Structures are given as structure tokens and as C-alpha cells.
Number of protein chains: 2
Amino acid sequence: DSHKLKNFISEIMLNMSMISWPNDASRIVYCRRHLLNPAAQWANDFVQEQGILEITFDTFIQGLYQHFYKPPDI
Amino acid sequence: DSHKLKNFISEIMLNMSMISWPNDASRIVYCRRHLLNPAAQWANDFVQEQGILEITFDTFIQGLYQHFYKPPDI
């Protein structure tokens with residue numbers, strides 16, 4: 001799953017890369033529109049645990065990167 | 001089937017949650033665009049049985065929740 005989800009990080013950053021942004025808030029809420037079924041539950045809780053309106057865009061990805069935890073064998 | 005369909009309730013409410021709505025009518029007709037093959041037949045009949053244009057958004061879900069009827073054994 002996560003090996004696909006590692007790639008799933010890559011293009012969605014690359015998609016919003018070439019397009020502009022008027023601010024930072026709508027960028028971080030754009031991701032959850034594409035996210036998976038149990039991950040969006042974590043994604044919903046993660047904004048509510050943030051007391052401020054936004055912790056910056058990479059930090060949302062790193063918690064999803066910390067959601068990965070997957071090494072292979074060989 | 002329905003154990004998946006219980007989850008299928010959850011995100012589609014959560015998807016439209018963070019997005020706005022100008023009214024209530026287009027929200028209830030958005031669901032049937034994703035619904036299953038025999039369920040959309042029930043979904044088509046359910047609006048026609050409503051004499052008024054809309055009975056509110058949860059009531060459509062509860063009839064789908066009443067469509068479930070599935071307990072497990074252990």
C-alpha cells in the first residue's frame with residue numbers, strides 16, 4: 001500500500017507546484033480530497049488537534065510520511 | 001457488502017463537509033452519482049415517493065441505513 005502511497009506524495013505536490021496559490025490554507029485542504037479511506041479519518045483529526053488554523057504544508061505530509069513506517073526485506 | 005457500505009457513508013459526508021453548499025438540493029442528488037447498482041434504483045424511487053422536492057439530507061442516508069440490516073455472528 002505505502003509504496004504506492006510514497007508515489008502518491010510525489011505528483012500531488014508536483015501538480016500544485018506549477019499552479020499558483022493565493023494563500024496556504026486551501027493548499028493543505030486540497031490534499032484530503034484525494035486521500036484514502038482510513039487516512040482521511042486521521043487527516044480529519046490532525047487539523048482539529050492543531051489549535052492554530054494551519055501548521056505549514058510539509059508538516060501535513062510528514063505526518064502522512066510518519067504514517068508510512070514501511071521497510072522491505074531485500 | 002454492507003460493511004463496506006457502512007464505510008461508504010462516512011467519507012462522502014466527510015467530503016462534502018469541508019466544502020460549502022449554496023443550498024440543500026444539489027447535496028442530496030450528489031450521492032446517487034456514486035451509489036451502487038440496485039441501490040440507485042431504490043434511490044430513484046425514493047425521491048419520487050417524496051411529494052415535496054426534498055426531505056433533508058440525513059433522511060436519505062437513514063433509508064440507506066435502513067437498507068443495511070446486517071448484524072454479524074461473533
# chains A, B, ... in the order shown; residues from 1 in each chain; ligands from 1
>>> interface_residues(of="chain B", to="chain A", cutoff="9 Å", atoms="only C-alpha atoms", output="short mmCIF file (atom, residue, chain, number, x, y, z; two decimals) with N, CA, C and O atoms, in the first residue's frame")
data_model
loop_
_atom_site.label_atom_id
_atom_site.label_comp_id
_atom_site.auth_asym_id
_atom_site.auth_seq_id
_atom_site.Cartn_x
_atom_site.Cartn_y
_atom_site.Cartn_z
N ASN B 7 -18.93 2.06 5.70
CA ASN B 7 -17.83 2.98 5.49
C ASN B 7 -18.13 3.94 4.35
O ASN B 7 -17.75 5.11 4.40
N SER B 10 -19.39 7.15 5.30
CA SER B 10 -18.62 8.01 6.19
C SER B 10 -17.88 9.10 5.43
O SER B 10 -17.99 10.29 5.77
N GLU B 11 -17.13 8.74 4.40
CA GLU B 11 -16.28 9.72 3.74
C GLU B 11 -17.08 10.67 2.87
O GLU B 11 -16.70 11.83 2.70
N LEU B 14 -18.08 13.26 4.79
CA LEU B 14 -16.89 13.99 5.18
C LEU B 14 -16.33 14.78 4.00
O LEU B 14 -15.71 15.83 4.19
N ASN B 15 -16.55 14.29 2.79
CA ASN B 15 -16.08 15.01 1.61
C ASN B 15 -16.86 16.29 1.41
O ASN B 15 -16.28 17.36 1.17
N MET B 18 -16.35 19.68 4.28
CA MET B 18 -15.44 20.81 4.27
C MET B 18 -15.73 21.74 3.10
O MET B 18 -15.28 22.89 3.08
#
>>> residues_around(residues="segment 55-64 of chain A", least_positions_apart="5", cutoff="10 Å", atoms="only C-alpha atoms", output="list in words")
residues 5, 6, 9, 13, 24, 25, 27, 28, 29, 31, 39, 42, 43, 46, 47, 50 and 69 of chain A
>>> write_last_selection(atoms="N, CA, C and O atoms", output="mmCIF file, in the first residue's frame")
data_model
loop_
_atom_site.group_PDB
_atom_site.id
_atom_site.type_symbol
_atom_site.label_atom_id
_atom_site.label_comp_id
_atom_site.auth_asym_id
_atom_site.auth_seq_id
_atom_site.Cartn_x
_atom_site.Cartn_y
_atom_site.Cartn_z
ATOM 1 N N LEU A 5 1.762 4.705 -1.912
ATOM 2 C CA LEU A 5 1.438 5.962 -1.246
ATOM 3 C C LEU A 5 2.654 6.875 -1.170
ATOM 4 O O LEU A 5 2.518 8.094 -1.010
ATOM 5 N N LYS A 6 3.854 6.302 -1.265
ATOM 6 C CA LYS A 6 5.051 7.123 -1.407
ATOM 7 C C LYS A 6 5.026 7.877 -2.727
ATOM 8 O O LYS A 6 5.340 9.072 -2.786
ATOM 9 N N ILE A 9 2.498 10.789 -2.808
ATOM 10 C CA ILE A 9 3.002 12.073 -2.342
ATOM 11 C C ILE A 9 3.502 12.902 -3.516
ATOM 12 O O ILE A 9 3.262 14.112 -3.594
ATOM 13 N N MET A 13 2.162 16.990 -4.983
ATOM 14 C CA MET A 13 2.986 18.169 -4.777
ATOM 15 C C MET A 13 3.360 18.780 -6.113
ATOM 16 O O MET A 13 3.334 20.004 -6.282
ATOM 17 N N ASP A 24 -2.135 29.727 1.754
ATOM 18 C CA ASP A 24 -1.611 28.425 2.141
ATOM 19 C C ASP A 24 -2.703 27.497 2.647
ATOM 20 O O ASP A 24 -2.501 26.278 2.700
ATOM 21 N N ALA A 25 -3.846 28.054 3.040
ATOM 22 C CA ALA A 25 -4.876 27.253 3.686
ATOM 23 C C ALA A 25 -5.537 26.303 2.703
ATOM 24 O O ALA A 25 -5.704 25.114 2.997
ATOM 25 N N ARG A 27 -4.398 25.091 0.043
ATOM 26 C CA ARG A 27 -3.481 24.066 -0.434
ATOM 27 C C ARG A 27 -3.511 22.841 0.464
ATOM 28 O O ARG A 27 -3.546 21.706 -0.027
ATOM 29 N N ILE A 28 -3.544 23.047 1.780
ATOM 30 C CA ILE A 28 -3.463 21.915 2.693
ATOM 31 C C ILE A 28 -4.796 21.183 2.749
ATOM 32 O O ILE A 28 -4.853 19.989 3.064
ATOM 33 N N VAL A 29 -5.886 21.869 2.402
ATOM 34 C CA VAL A 29 -7.173 21.197 2.434
ATOM 35 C C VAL A 29 -7.465 20.571 1.087
ATOM 36 O O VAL A 29 -8.470 19.872 0.922
ATOM 37 N N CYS A 31 -5.492 18.380 -0.275
ATOM 38 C CA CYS A 31 -4.912 17.042 -0.277
ATOM 39 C C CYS A 31 -5.924 16.004 0.164
ATOM 40 O O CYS A 31 -6.098 14.970 -0.491
ATOM 41 N N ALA A 39 -7.116 6.989 6.056
ATOM 42 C CA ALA A 39 -6.157 8.070 6.216
ATOM 43 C C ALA A 39 -6.863 9.405 6.374
ATOM 44 O O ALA A 39 -6.381 10.289 7.093
ATOM 45 N N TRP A 42 -7.670 10.027 9.951
ATOM 46 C CA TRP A 42 -6.519 10.633 10.609
ATOM 47 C C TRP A 42 -6.341 12.065 10.152
ATOM 48 O O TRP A 42 -5.930 12.934 10.930
ATOM 49 N N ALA A 43 -6.600 12.315 8.870
ATOM 50 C CA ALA A 43 -6.418 13.649 8.322
ATOM 51 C C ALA A 43 -7.432 14.615 8.907
ATOM 52 O O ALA A 43 -7.122 15.787 9.129
ATOM 53 N N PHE A 46 -6.287 15.516 12.432
ATOM 54 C CA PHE A 46 -4.999 16.180 12.536
ATOM 55 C C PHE A 46 -5.146 17.691 12.482
ATOM 56 O O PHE A 46 -4.348 18.420 13.083
ATOM 57 N N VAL A 47 -6.166 18.185 11.782
ATOM 58 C CA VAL A 47 -6.394 19.626 11.760
ATOM 59 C C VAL A 47 -7.007 20.063 13.084
ATOM 60 O O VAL A 47 -6.684 21.129 13.621
ATOM 61 N N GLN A 50 -4.485 20.529 15.747
ATOM 62 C CA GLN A 50 -3.820 21.812 15.569
ATOM 63 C C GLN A 50 -4.741 22.890 16.122
ATOM 64 O O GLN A 50 -5.851 23.085 15.618
ATOM 65 N N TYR A 69 5.825 4.078 7.772
ATOM 66 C CA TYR A 69 6.602 3.078 8.510
ATOM 67 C C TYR A 69 6.850 1.770 7.758
ATOM 68 O O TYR A 69 6.701 0.698 8.352
#
>>> select_by_dssp(residues="segment 2-70 of chain B", states="alpha helix (DSSP H)", output="MDAnalysis selection string")
chainID B and resid 2:18 25:31 37:49 57:66
